[PDB]
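Written out below as structure tokens is the structure these notes cover.
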Amino acid sequence: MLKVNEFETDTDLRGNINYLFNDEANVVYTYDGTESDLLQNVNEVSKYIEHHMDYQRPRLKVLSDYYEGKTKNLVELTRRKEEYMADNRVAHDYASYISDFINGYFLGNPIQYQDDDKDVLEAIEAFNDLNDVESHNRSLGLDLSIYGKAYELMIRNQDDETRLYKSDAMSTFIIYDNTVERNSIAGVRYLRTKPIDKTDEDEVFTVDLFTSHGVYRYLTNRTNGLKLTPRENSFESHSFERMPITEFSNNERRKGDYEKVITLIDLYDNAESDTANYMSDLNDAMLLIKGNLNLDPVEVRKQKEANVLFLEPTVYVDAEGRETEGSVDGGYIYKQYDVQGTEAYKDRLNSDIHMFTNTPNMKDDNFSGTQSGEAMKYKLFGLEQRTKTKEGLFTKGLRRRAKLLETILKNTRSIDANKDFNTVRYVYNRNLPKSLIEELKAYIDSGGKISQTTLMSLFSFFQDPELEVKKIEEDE
Amino acid sequence: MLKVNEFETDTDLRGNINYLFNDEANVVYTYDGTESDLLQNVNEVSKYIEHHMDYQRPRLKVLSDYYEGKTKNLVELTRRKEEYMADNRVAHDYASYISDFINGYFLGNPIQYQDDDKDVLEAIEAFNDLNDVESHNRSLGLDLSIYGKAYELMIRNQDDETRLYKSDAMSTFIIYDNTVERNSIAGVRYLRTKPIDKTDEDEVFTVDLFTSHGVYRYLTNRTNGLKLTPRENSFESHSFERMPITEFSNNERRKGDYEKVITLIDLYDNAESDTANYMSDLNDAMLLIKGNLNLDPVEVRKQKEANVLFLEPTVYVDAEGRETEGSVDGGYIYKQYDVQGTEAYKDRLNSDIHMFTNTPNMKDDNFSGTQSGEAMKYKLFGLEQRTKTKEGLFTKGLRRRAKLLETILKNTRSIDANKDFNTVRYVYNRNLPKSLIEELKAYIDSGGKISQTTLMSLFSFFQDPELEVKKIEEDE
Amino acid sequence: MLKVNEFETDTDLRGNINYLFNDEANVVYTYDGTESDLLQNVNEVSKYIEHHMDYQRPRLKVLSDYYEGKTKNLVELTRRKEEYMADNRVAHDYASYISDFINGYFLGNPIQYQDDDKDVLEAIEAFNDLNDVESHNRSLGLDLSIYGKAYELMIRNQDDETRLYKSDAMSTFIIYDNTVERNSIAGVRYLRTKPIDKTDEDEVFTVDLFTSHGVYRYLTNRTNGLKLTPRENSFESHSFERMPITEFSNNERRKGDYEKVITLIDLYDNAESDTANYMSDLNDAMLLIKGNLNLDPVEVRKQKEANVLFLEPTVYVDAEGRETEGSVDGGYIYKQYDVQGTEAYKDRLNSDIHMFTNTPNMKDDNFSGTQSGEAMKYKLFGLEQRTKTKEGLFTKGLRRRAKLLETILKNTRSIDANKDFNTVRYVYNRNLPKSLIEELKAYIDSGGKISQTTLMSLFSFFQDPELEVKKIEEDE
């Protein structure tokens, strides 16, 4: 094929942008076969693990770091041409701000589960109440925001509980078939062993391979080429009749919410670290001394301590005995420019970050008069469209969760075999930003009514409002 | 693995940013085993303690210092190229401001405990009333804000009281299993012995290792490699059937509220110390004297005391007897620039700090007219999302507290063995910023009613309002 | 351990910041033992006293001075490079302003004591009325504001009165056990003897060591290494069954309210003293006279008194008899810059001081229109959170006061042995800033009623309002 809109940088000069945007970083893994072939030919799994280690894990790592505030500006060894001038570093926390806002719009209110058979409904509610599923769903949505994807594993634990756990996206992937249906063949979890040991022994990983009938356990290391060798507990069955890892996705491309704005965040870091360097280097402006002079650096240091500099020219003497002195001059050299004129540029960057994410931008400043909020109405529209796409993909993930749950309940006789969970309806309620005074006024201008008890429950200065209605009647 | 978005600085040139953001600083400790193996192979505990001492304790130390106002700008040995010019140092107290605001939003009102069995409810309330649990919860929330995590230990004391104490996060950690469930295997508390003794004897620590059945006590020192040796009171049982330290976390990453803005705070310190240095160095501008001159520094000091400087050139004489004088010149050299044009930059920094934290920004200045407060509505939304995540993790911590309490009550016959505390519901009420006049007007515009007694209890100028209703009827 | 975010300055070049922020200045003293061991091994008490004298007392001293307006800017020997130029010094009284505001918010209204047994209530009220406890509590709160901690001692005096006195925080400390419960083992008060004597005899201190059963009295001096030797009244019993000094704390860290802003206050002092120096040195600008000239300083003084300066060049004569005069020049040299452009910087500093403390900032200037006060609402929220933490610690201190009082009443038969004071409830009422006209209007807009008598007691122009109601009826 042609090279079309692709990097050509040397592989040693790659940075974050290379790891984020190169074409291998975000591919879906497919296998032209079935699990029975793949589970014999375990050699192929080593290829998938190596490709993950070398291409996908870097991208996810970068994203993770930005969520934590560990940007490019902090970790670069040098970002300046000048060795001895100021080298201020700074990181701006946009990514966290964005993700939290979006995820709170999406799952600030729990998903409501409803169905026409109460036995399924109460089995669902029991499973949810065991596992704190409300918080599990919020943390899935957060990971979708950060990485573009999330994974959950369902297990039966030592107490014979059916339990659900989020699996770290940096160490988890799924292999699919090559069909247009994309059925999942196998799940992989790989973890660093000896994570805390010193003195740089070869890096050993423990690998779980999850399959439609069980899980297989191996050890491997990079220096042997990720060739798998079994652990003692080499295999363990599970009663789920499908591979028990479910992958959720943020959108069809599996893109995160802030990923497409990272380069802006980088600019915004540079802009500020440039201003800081400007301030400090001006104070430390280099002193330039011109002319033929007999000044040792220690002599200059002594004169600077005295706050008086003497520049004494050398005297040249002709063969005719004429004496003439040389020239001397001295002063600070520094760059000066209208730094204030950069501020509008900084404004622009900031607003662009917010505009592409649909996140609130307006200054927390003293401002007088009413505001129609006209831009925020269109931001909330733009946010709702992306949230509705996310909701569709999320309900697909929940449907698969329900089928796994149903199977583990049937194959352990916790439910009748005629119960099919696929009729459950998942109801979502958006969490909008609201101020209670505006809402109350708009409600009462619109002819709404409220009981005294509830009105008193909106305002906290009623220390115990059940008494207040009585005290009111005592005044009447 | 590849080095991806990582520091490459020399280990001797590390500073705060290295200690905060390097990949080892915030790892969760896991052990591939059980407590019965670990408690025989006590050698491994020395590895965990050493890794804490070398990687995690520095990060927590840095955070702690910022909470206290001990920033990078104060402790650096030199921050300037110029030895003899001004070296103003300054620290801005943002971190405390942020933490206090957030924690007061979260636990300004106590958690309400409720359950369908009153015997559990009154056992809970008795335990809470003994231990001042309201203040214990507030100080946990504060530590979550500062460090990202907090620890509490439950004990039976000499008076046979069941007591609950917060354990210092800089000296406490937990080791978990390598399972996806992350069960806690062992707790570690390590404290400096001889903290006040002079003359630099080797640093000795006393180590408590907490286990599912008791606590084991050791001494150790850095110069032997943290090898543990038992104390006299080498072991003590406890009636809790689980390891009795519970770890709370602020969020899934265990990140503090201000940690991601520290580098901004550093910039804001530099900006101000640069302005201060600008002012003072301009006053002390170096005097530059050019030309061939016979001025001793004592002679210059005398002339400066007289406020008149005489620059007398030397005279050069030719072989033809011609006399010509040399050149002389004198003046101040200083840097000058539009400092006022930096102010907007300082504004930006300030606002960014507030914006990433969701903390109020607007100037405490004279300002006329009504304000809709539109930005604060979105800040309170953004704050509520993070608080709701914190609440979920906090209720998990409280559930474990309840199971420990229940076990210690059963195994000392303070409760019936059929009482299971896991049905308790924890109710949270957010503490919003409010002004009572706005709330009262919005309530009364909305058709609310208030008794005279309560209305008079909102306004303090009623010196004793129980009399006022009578005096009012005496006027009618 | 690593050095992490720590000073490296030479011990002779330490200043205020070193004394405030170094890691030893604010440690809690613990002893791994019991009072019976410590009271035999009185050698250890000398170690604690020496560590207090060398590390904690300097910090408290600095804080104390700032409360009094004795800042760094006043006491520095030189703050300028120029010996003979102006050296204006200034101190800004922020610390007092802050402390008074905060303490008046907290204890402007007395704590109300209430209990379900009136015998305890009246014993409490009698003890409070004897000791002016309202003012004692206000002065404790003030010390908490200044130092971060406060101490009170309870005694039986010569008149057999039970009396309560605040103990100076610069000369008082407590030693705790090494348990997680931190029980107090011993209290120390040490006072300078011969405080007024001249001619520099060795500094002798008198030391009181307070213990669970009595107080032990010693003398000591720095030149012997603080080795204690008994006084004549070497011991005295007390009927309290606990060590009778109680320590209150402002917050978990024992930090004062203005301590974290001290460095800002320093900047604000420098900024103003720089402006003052700018003004005066411009007037006294040095006169620079260039060229070869025969001017004695007395001759220059005479010419300056005449207000005419004559600069007469010397004449050089060639061997060919040619005469040529030298050059001369004269003028003022001074630094000039836009001082007005520093004002915004001064604004910033001021506001930051107020913002970190939650203290009112807005200018006392002519300003037109209504103000919503929006920033002050969030400042009062931020202040309330810190006050609520302080209240929790204060009630712990009062509970210990109550147990001491109860014990001294029982062991002198002033109360029945079945009275247990631990049921007392302490009620706090916040003192908010209010203007009575705003409150009155908001009350009456809200349907409140007031008797004529009380309304006339709000307004002072009623010279004797008991007559006014009669005169009103005489008009009707």
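Residue numbering restarts at 1 for every chain of the structure tokens, chains are lettered A, B, ... in their displayed order, and ligands are numbered from 1 as they appear.
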Residues of chain C were defined as contacting chain A if any atom lay at most 10 Å from it, counting only C-alpha atoms; please report them as a short mmCIF file (atom, residue, chain, number, x, y, z; two decimals) with N, CA, C and O atoms, in the first residue's frame.
data_model
loop_
_atom_site.label_atom_id
_atom_site.label_comp_id
_atom_site.auth_asym_id
_atom_site.auth_seq_id
_atom_site.Cartn_x
_atom_site.Cartn_y
_atom_site.Cartn_z
N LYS C 81 22.15 46.25 49.91
CA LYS C 81 23.53 46.29 49.43
C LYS C 81 24.19 47.65 49.68
O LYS C 81 25.40 47.71 49.93
N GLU C 82 23.42 48.73 49.65
CA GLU C 82 23.94 50.09 49.80
C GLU C 82 24.00 50.52 51.26
O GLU C 82 22.97 50.59 51.94
N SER C 372 -24.27 41.67 46.19
CA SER C 372 -24.69 40.35 46.64
C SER C 372 -23.72 39.71 47.62
O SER C 372 -24.10 38.76 48.31
N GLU C 374 -21.06 37.84 47.04
CA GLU C 374 -21.00 36.43 46.67
C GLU C 374 -19.73 35.75 47.18
O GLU C 374 -19.78 34.60 47.62
N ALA C 375 -18.60 36.44 47.11
CA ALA C 375 -17.35 35.87 47.61
C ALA C 375 -17.38 35.63 49.12
O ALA C 375 -16.83 34.64 49.60
#
Would you please give, as a ChimeraX atom specification, all residues of stretch 300-350 of chain B that DSSP assigns to helix (DSSP H, G or I) based on the backbone? /B:300-306,339-350
Take the residues from that selection and put them in a file with C-alpha atoms, as an mmCIF file, in the first residue's frame.
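Generated output (result_34.cif):
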data_model
loop_
_atom_site.group_PDB
_atom_site.id
_atom_site.type_symbol
_atom_site.label_atom_id
_atom_site.label_comp_id
_atom_site.auth_asym_id
_atom_site.auth_seq_id
_atom_site.Cartn_x
_atom_site.Cartn_y
_atom_site.Cartn_z
ATOM 1 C CA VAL B 300 34.656 55.145 46.659
ATOM 2 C CA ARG B 301 32.861 54.446 49.943
ATOM 3 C CA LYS B 302 33.995 57.808 51.329
ATOM 4 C CA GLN B 303 32.868 59.649 48.201
ATOM 5 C CA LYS B 304 29.490 57.869 48.288
ATOM 6 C CA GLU B 305 29.069 58.947 51.900
ATOM 7 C CA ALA B 306 29.631 62.538 50.661
ATOM 8 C CA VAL B 339 6.103 44.094 35.188
ATOM 9 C CA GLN B 340 2.406 45.044 35.092
ATOM 10 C CA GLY B 341 2.072 42.930 31.924
ATOM 11 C CA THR B 342 2.811 39.773 33.929
ATOM 12 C CA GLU B 343 -0.303 40.238 36.096
ATOM 13 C CA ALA B 344 -2.707 38.571 33.669
ATOM 14 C CA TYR B 345 -0.390 35.540 33.667
ATOM 15 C CA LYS B 346 -0.674 35.405 37.469
ATOM 16 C CA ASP B 347 -4.468 35.650 37.108
ATOM 17 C CA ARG B 348 -4.473 32.658 34.757
ATOM 18 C CA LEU B 349 -2.455 30.432 37.100
ATOM 19 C CA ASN B 350 -4.697 31.288 40.048
#
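Atom CA of residue B:108 to atom CA of residue B:395 spans 16.5 Å [interatomic distance, one decimal].
Non-sequential neighbours of stretch 308-316 of chain B (distance at most 7 Å, separation of 5 or more positions within a chain, only C-alpha atoms) are residues 323 of chain A; 292, 293, 303, 323, 324, 325, 326, 327 and 328 of chain B; 286, 287, 288, 289, 290, 291 and 292 of chain C.
Picture a line from atom CA of residue A:189 to atom CA of residue A:421; it runs 28.3 Å.
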Using only C-alpha atoms, which protein or nucleic acid residues come within 7 Å of residue A:430? Drop anything in the same chain fewer than 5 positions from it, and give the result as a ChimeraX atom specification. /A:105-106,109
How would the residues just picked look written out with N, CA, C and O atoms as a PDB file, in the first residue's frame?
ATOM      1  N   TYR A 105     -22.094  13.033  34.228  1.00  0.00           N
ATOM      2  CA  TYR A 105     -23.310  13.224  33.445  1.00  0.00           C
ATOM      3  C   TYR A 105     -23.949  11.887  33.084  1.00  0.00           C
ATOM      4  O   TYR A 105     -25.177  11.764  33.068  1.00  0.00           O
ATOM      5  N   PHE A 106     -23.127  10.876  32.798  1.00  0.00           N
ATOM      6  CA  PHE A 106     -23.654   9.605  32.305  1.00  0.00           C
ATOM      7  C   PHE A 106     -24.188   8.710  33.428  1.00  0.00           C
ATOM      8  O   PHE A 106     -25.303   8.191  33.326  1.00  0.00           O
ATOM      9  N   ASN A 109     -26.777   9.066  38.082  1.00  0.00           N
ATOM     10  CA  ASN A 109     -27.911   8.296  38.566  1.00  0.00           C
ATOM     11  C   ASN A 109     -27.765   6.828  38.177  1.00  0.00           C
ATOM     12  O   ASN A 109     -27.371   6.533  37.047  1.00  0.00           O
TER      13      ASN A 109
END
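Counting from atom CA of residue A:244, the distance to atom CA of residue A:172 is 12.6 Å.
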As an mmCIF file with N, CA, C and O atoms, in the first residue's frame, please: the residues near residue C:285 (cut-off 12 Å, only C-alpha atoms, same-chain neighbours under 5 positions excluded).
data_model
loop_
_atom_site.group_PDB
_atom_site.id
_atom_site.type_symbol
_atom_site.label_atom_id
_atom_site.label_comp_id
_atom_site.auth_asym_id
_atom_site.auth_seq_id
_atom_site.Cartn_x
_atom_site.Cartn_y
_atom_site.Cartn_z
ATOM 1 N N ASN B 283 16.378 48.820 43.055
ATOM 2 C CA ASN B 283 16.951 49.730 44.054
ATOM 3 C C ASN B 283 18.470 49.595 44.192
ATOM 4 O O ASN B 283 19.187 50.595 44.148
ATOM 5 N N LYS B 304 30.919 58.163 48.233
ATOM 6 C CA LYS B 304 29.490 57.869 48.288
ATOM 7 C C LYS B 304 28.860 58.399 49.566
ATOM 8 O O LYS B 304 27.720 58.872 49.550
ATOM 9 N N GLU B 305 29.575 58.322 50.686
ATOM 10 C CA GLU B 305 29.069 58.947 51.900
ATOM 11 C C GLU B 305 28.899 60.460 51.735
ATOM 12 O O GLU B 305 27.973 61.039 52.306
ATOM 13 N N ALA B 306 29.769 61.113 50.960
ATOM 14 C CA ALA B 306 29.631 62.538 50.661
ATOM 15 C C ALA B 306 28.591 62.845 49.589
ATOM 16 O O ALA B 306 28.266 64.018 49.391
ATOM 17 N N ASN B 307 28.060 61.834 48.908
ATOM 18 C CA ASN B 307 27.093 61.985 47.822
ATOM 19 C C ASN B 307 27.655 62.715 46.595
ATOM 20 O O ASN B 307 26.888 63.180 45.749
ATOM 21 N N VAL B 308 28.976 62.812 46.450
ATOM 22 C CA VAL B 308 29.601 63.339 45.237
ATOM 23 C C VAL B 308 30.703 62.387 44.789
ATOM 24 O O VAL B 308 31.606 62.071 45.568
ATOM 25 N N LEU B 309 30.639 61.944 43.537
ATOM 26 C CA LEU B 309 31.667 61.106 42.925
ATOM 27 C C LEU B 309 32.506 61.910 41.942
ATOM 28 O O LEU B 309 31.964 62.537 41.031
ATOM 29 N N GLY B 331 27.669 55.071 35.662
ATOM 30 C CA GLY B 331 26.211 55.012 35.758
ATOM 31 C C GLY B 331 25.715 53.708 36.349
ATOM 32 O O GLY B 331 26.453 52.733 36.469
ATOM 33 N N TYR B 332 24.437 53.709 36.725
ATOM 34 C CA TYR B 332 23.722 52.466 37.029
ATOM 35 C C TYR B 332 23.411 51.629 35.792
ATOM 36 O O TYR B 332 22.980 52.147 34.764
ATOM 37 N N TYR C 84 24.945 53.595 52.466
ATOM 38 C CA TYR C 84 24.651 54.992 52.756
ATOM 39 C C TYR C 84 23.331 55.479 52.170
ATOM 40 O O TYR C 84 22.948 56.623 52.427
ATOM 41 N N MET C 85 22.625 54.655 51.407
ATOM 42 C CA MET C 85 21.295 55.010 50.932
ATOM 43 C C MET C 85 20.249 54.789 52.030
ATOM 44 O O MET C 85 20.551 54.328 53.132
ATOM 45 N N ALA C 86 19.005 55.162 51.730
ATOM 46 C CA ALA C 86 17.890 54.990 52.657
ATOM 47 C C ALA C 86 17.646 53.524 53.015
ATOM 48 O O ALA C 86 17.821 52.625 52.192
ATOM 49 N N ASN C 277 12.113 53.381 49.790
ATOM 50 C CA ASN C 277 13.506 53.666 49.460
ATOM 51 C C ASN C 277 13.630 54.319 48.097
ATOM 52 O O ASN C 277 14.309 55.344 47.954
ATOM 53 N N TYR C 278 12.837 53.854 47.137
ATOM 54 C CA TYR C 278 12.806 54.487 45.831
ATOM 55 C C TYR C 278 12.571 55.991 45.938
ATOM 56 O O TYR C 278 13.340 56.789 45.399
ATOM 57 N N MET C 279 11.488 56.399 46.601
ATOM 58 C CA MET C 279 11.243 57.828 46.764
ATOM 59 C C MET C 279 12.436 58.573 47.350
ATOM 60 O O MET C 279 12.802 59.640 46.851
ATOM 61 N N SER C 280 12.999 58.099 48.461
ATOM 62 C CA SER C 280 13.978 58.960 49.120
ATOM 63 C C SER C 280 15.312 58.994 48.376
ATOM 64 O O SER C 280 15.872 60.076 48.161
ATOM 65 N N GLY C 331 26.420 65.704 36.490
ATOM 66 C CA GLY C 331 24.979 65.469 36.559
ATOM 67 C C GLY C 331 24.596 64.492 37.651
ATOM 68 O O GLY C 331 25.435 63.792 38.213
ATOM 69 N N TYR C 332 23.298 64.459 37.950
ATOM 70 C CA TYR C 332 22.718 63.378 38.752
ATOM 71 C C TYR C 332 22.633 62.050 38.006
ATOM 72 O O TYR C 332 22.240 61.997 36.842
ATOM 73 N N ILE C 333 23.026 60.981 38.692
ATOM 74 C CA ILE C 333 22.704 59.597 38.344
ATOM 75 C C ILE C 333 21.698 58.997 39.332
ATOM 76 O O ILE C 333 21.888 59.081 40.550
ATOM 77 N N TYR C 334 20.586 58.478 38.805
ATOM 78 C CA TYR C 334 19.545 57.819 39.593
ATOM 79 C C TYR C 334 18.808 56.779 38.749
ATOM 80 O O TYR C 334 18.745 56.887 37.526
ATOM 81 N N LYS C 335 18.287 55.744 39.416
ATOM 82 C CA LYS C 335 17.329 54.810 38.813
ATOM 83 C C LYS C 335 15.906 55.353 38.757
ATOM 84 O O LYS C 335 15.401 55.922 39.727
ATOM 85 N N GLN C 336 15.265 55.176 37.606
ATOM 86 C CA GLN C 336 13.874 55.559 37.413
ATOM 87 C C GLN C 336 13.099 54.439 36.727
ATOM 88 O O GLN C 336 13.595 53.812 35.791
#
Report as a compact mmCIF listing (two decimals) with N, CA and C atoms, in the first residue's frame all protein, DNA and RNA residues lying within 10 Å of residue A:65, evaluated on only C-alpha atoms, omitting residues in the same chain fewer than 2 positions from it.
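Once written, part28.txt looks like this:
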# COMPACT_ATOMS: atom_id res chain seq x y z
N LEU A 60 -2.02 3.12 25.93
CA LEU A 60 -2.81 3.13 27.15
C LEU A 60 -2.03 3.73 28.30
N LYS A 61 -0.74 3.43 28.37
CA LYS A 61 0.16 4.02 29.35
C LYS A 61 0.16 5.55 29.28
N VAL A 62 0.43 6.11 28.10
CA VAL A 62 0.32 7.56 27.87
C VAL A 62 -1.01 8.13 28.38
N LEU A 63 -2.13 7.58 27.91
CA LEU A 63 -3.43 8.05 28.40
C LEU A 63 -3.54 8.03 29.92
N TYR A 67 -4.28 11.18 32.56
CA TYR A 67 -5.29 11.20 33.61
C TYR A 67 -4.71 11.56 34.97
N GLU A 68 -3.54 11.02 35.30
CA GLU A 68 -2.84 11.29 36.56
C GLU A 68 -2.08 12.62 36.59
N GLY A 69 -2.08 13.41 35.52
CA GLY A 69 -1.32 14.65 35.52
C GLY A 69 0.16 14.53 35.24
N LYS A 70 0.60 13.42 34.66
CA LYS A 70 2.00 13.21 34.29
C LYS A 70 2.18 13.44 32.79
N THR A 71 2.27 14.72 32.40
CA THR A 71 2.31 15.10 31.00
C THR A 71 3.73 15.07 30.43
N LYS A 72 3.80 15.25 29.11
CA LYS A 72 5.06 15.31 28.37
C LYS A 72 6.03 16.35 28.91
N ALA A 95 -7.37 16.59 31.65
CA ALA A 95 -7.92 15.28 31.34
C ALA A 95 -8.84 14.76 32.44
N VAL B 4 8.23 4.60 28.28
CA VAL B 4 7.15 5.40 27.71
C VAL B 4 6.78 6.49 28.71
N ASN B 5 6.99 7.75 28.31
CA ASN B 5 6.63 8.93 29.10
C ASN B 5 7.17 8.83 30.53
N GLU B 6 8.49 8.65 30.64
CA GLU B 6 9.17 8.40 31.91
C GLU B 6 10.37 9.32 32.07
N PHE B 21 5.86 11.60 40.93
CA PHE B 21 5.28 11.03 39.72
C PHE B 21 5.98 9.78 39.19
N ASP B 23 6.98 5.93 38.71
CA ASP B 23 6.01 4.83 38.65
C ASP B 23 5.96 3.98 39.92
Set the distance at 12 Å and use only C-alpha atoms: which residues neighbour residue A:251 once local chain neighbours fewer than 3 positions away are removed? I'd like the list as a PyMOL selection string. chain A and resi 141+144-145+147-150+248+254-257+385-394
